[PDB]
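Let me begin by presenting the structure, written as structure tokens, before commenting on it.
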Amino acid sequence: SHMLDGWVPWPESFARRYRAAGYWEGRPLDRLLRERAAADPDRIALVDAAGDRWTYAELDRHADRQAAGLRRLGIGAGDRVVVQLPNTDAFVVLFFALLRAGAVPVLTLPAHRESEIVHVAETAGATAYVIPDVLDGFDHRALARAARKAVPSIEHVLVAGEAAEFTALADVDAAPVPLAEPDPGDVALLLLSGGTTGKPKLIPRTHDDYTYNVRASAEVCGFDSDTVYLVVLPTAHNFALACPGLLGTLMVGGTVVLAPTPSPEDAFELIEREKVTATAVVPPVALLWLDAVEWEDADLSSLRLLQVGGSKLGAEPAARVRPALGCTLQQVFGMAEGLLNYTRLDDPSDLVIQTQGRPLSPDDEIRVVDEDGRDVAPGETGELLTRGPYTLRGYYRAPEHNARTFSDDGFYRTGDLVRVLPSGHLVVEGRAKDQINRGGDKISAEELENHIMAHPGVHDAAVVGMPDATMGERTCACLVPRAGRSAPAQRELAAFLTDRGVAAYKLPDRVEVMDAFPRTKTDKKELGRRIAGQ
Ligand SMILES: Cc1cccc(O)c1C(=O)OP(=O)(O)OC[C@@H]1O[C@@H](n2cnc3c(N)ncnc32)[C@H](O)[C@@H]1O
Ligand SMILES: [Mg+2]
């Protein structure tokens, strides 16, 4: 028996083996903060961009008060709560407060707009939605009004800032109350994947598998109480939350430092000020930092570890990380679905430069298969399938997609093309899935195509990735015009999609109008050629 329906538990024989192996320890995710605050109450747990800071005891106490306040509003055992917050201390407190109340956080990104928010709130039957007031010039309260109109289950909107007619997140506060613990085998939180279908898919992560994710990642990355970790990616990104991210830093007793943006201005200042020793970035930001040290005077010497993942970091900039940034590079090929590959901190420099790591767990199972589904010869390129103690057996409330995306014996089909080397290290070689990787941001082609086809001048749309030297891929929207109408140009299409509530990283970089698409279904390899003029 589980608190939520709509997800796919592990078969009992696998659960047994993961508990016996010590992976699944039987503790709720919030216990990592409870235990650290009990052992190290006066250590500095969290520092925000302004320079305010909190001890483990202070953070633990505040999570308890906000948990009790959430219960006063009726937010509790099993309720799904959409969270959309910036990199501020409000997120960290609310994350643990939701857990201790028994609510299930549904983590979205600040950049998400009405289309994504309404879909995940709908799919999760969410009862509450947590927003900033205004962030990066966008008023999220209007989005919450639009979300409430489309999703009647949303009863509460909690605002970090001026709450307008809603509830101020700072007012969610009460005397702590005895709160029951959740079952560690139950879903702890729901992550968002870019996906490959017409809707983003929700990833259920349980207490046991996410604690293992965090704990084993912290071990491999050498996180301990001496770690000062700079959250440069959004707190809701799996990379920065749990790999090992801020949760790993808190588990082991380090200091989490929140960066408001990844710019050198903000990040280089916080690295020097707080003596940051570790952080995680996407390759476009790695390239930006590698340039910026040549004109920035910040002392970055405290940096010991730079994790880079989300798209493939090239071998040439990878080799520059030690000379330029004075730290160890760790390549990370991970996914919110589960499987994490890490280079080890003492791997020979060859493997740090040339590979995307080897799997985190001894019981991460790897298969590399050809177009027919048969295992490739060792060292051949094929699609990566994987199964393990923290990789899902199915997406949340997506039966039909689950039937397509998981093999009969439970292997998740990643859509990534890889080689496995004799050492077990992976080299990422490409993608099989119909999803564009734009600087680490994942763009489901089918979701974007359906948005574009809603435009009155558009009859058909095929979204095609274009190689880019610093962004990895850009987005080209190939358009068949509506019968007797003109298709829009780039700027009109972007305005249409923004008004429709499409996150800005999904806006096409380029529009190409044509009479028909090549057919094999649409042949996107041939579309690439026609786009390139060949
Ligand atoms: C980066 C990361 C670290 C830890 C936890 C995460 O969760 C994530 C993350 O990126 O989460 P995503 O959900 O975006 O997963 C989509 C994934 O990104 C692609 N990818 C990811 N790292 C890659 C790399 N180092 N080199 C080439 N490609 C990579 C694949 O396509 C794959 O499937
Ligand atoms: Mg149309």
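Counting begins at 1 with the first residue of the sequence. We count ligands from 1, going down the list as the structure has it; atoms in each ligand are counted the same way. All heavy atoms count here, side chains included; hydrogens, waters and symmetry mates do not.
Of the heavy atoms in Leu313, none comes closer than 4.0 Å to ligand 1. Residue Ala336 touches ligand 1 through backbone and side chain together, judged by heavy-atom distances below 4.0 Å. Using a 4.0 Å cut-off between heavy atoms, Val332 contacts ligand 1 through both its backbone and its side chain. Under 4.0 angstrom from ligand 1, the non-hydrogen atoms of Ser311 all belong to its backbone. The proximity of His237 to ligand 1, defined as any non-hydrogen pair under 4.0 Å, is limited to the side chain.
Counting atoms of ligand 1 from 1 in the listed order, those under 4.0 Å from a heavy atom of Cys243 are 4 (C), 5 (C). Which parts of ligand 1 touch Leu340 is read off a 4.0 Å heavy-atom cut-off, strictly below it: atoms 4 (C), 5 (C).
With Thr227 as reference, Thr277 is the one residue of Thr277, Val276, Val256 to meet the side-chain contact (heavy atoms from CB on, under 4.5 Å) rule. Each of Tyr212, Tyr18, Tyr210 was evaluated against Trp24; a single residue qualifies, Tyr18, per the ring-ring contact (aromatic ring centres under 6.0 Å, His included) test. If you run side-chain contact (heavy atoms from CB on, under 4.5 Å) between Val130 and each of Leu98, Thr108, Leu94, only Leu94 comes through. Between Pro359 and the choices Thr391, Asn341, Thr386, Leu340, the side-chain contact (heavy atoms from CB on, under 4.5 Å) rule is met once, by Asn341. Partner of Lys506 under the side chain to side chain donor-acceptor pair (under 3.5 Å) criterion, chosen from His112, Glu116, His451: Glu116.
Considering only non-hydrogen atoms, atom 1 (C) of ligand 1 lies nearest to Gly310 out of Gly338, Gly310, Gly415. Of the listed residues (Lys312, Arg431, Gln307), the one carrying the non-hydrogen atom nearest atom 27 (C) of ligand 1 is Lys312.
In this structure, CE in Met471 is found 9.5 Å from CE in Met466, a value given to the nearest 0.5 Å. To the nearest 0.5 Å, atoms CD1 (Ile117) and CG (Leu109) are separated by 9.0 Å.
Ring centers of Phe268 and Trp289: under 6.0 Å apart, within the cut-off.
Checking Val458 against the Mg ion (ligand 2), an N/O/S atom falls under the 2.8 Å cut-off. Not a single N, O or S atom of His459, from either the backbone or the side chain, sits less than 2.8 Å from the Mg ion (ligand 2).
Below 3.5 Å of separation, one finds no N or O of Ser193 facing any N or O of ligand 1. In terms of polar-atom proximity, defined here as any N/O pair under 3.5 Å, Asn238 does make such a contact with ligand 1.
Taking 4.0 Å as the cut-off, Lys442 counts as a neighbour of ligand 1 on heavy-atom distance. For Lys433, the closest heavy-atom approach to ligand 1 falls below 4.0 Å.
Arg215 and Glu25 are joined by a salt bridge, as a carboxylate oxygen and a charged side-chain nitrogen come within less than 4.0 angstrom of each other.
Side-chain atoms of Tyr23 and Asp363 include a donor-acceptor pair closer than 3.5 Å.
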Chi angles and distances behind the salt bridge (charged side-chain N to carboxylate O under 4.0 Å, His left out) call for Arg474, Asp468: CA-CA 6 Å; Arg474 285 184 187 268; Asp468 190 279; 2.9 Å; yes
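At the top of the distance list for atom 21 (C) of ligand 1, counting protein heavy atoms only, stands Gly334 O, 3.2 Å. Here the heavy atom of the protein found nearest to atom 6 (C) of ligand 1 is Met335 N, 3.4 Å. For atom 30 (C) of ligand 1, the nearest non-hydrogen atom of the protein is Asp416 OD1, 3.1 Å.
The atom of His455 nearest to the Mg ion (ligand 2) is O, with the search restricted to N, O or S atoms.
Within the cation-pi definition used here (under 6.0 Å to the ring centroid, within 45° of the axis), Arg393 qualifies as a partner of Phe14.
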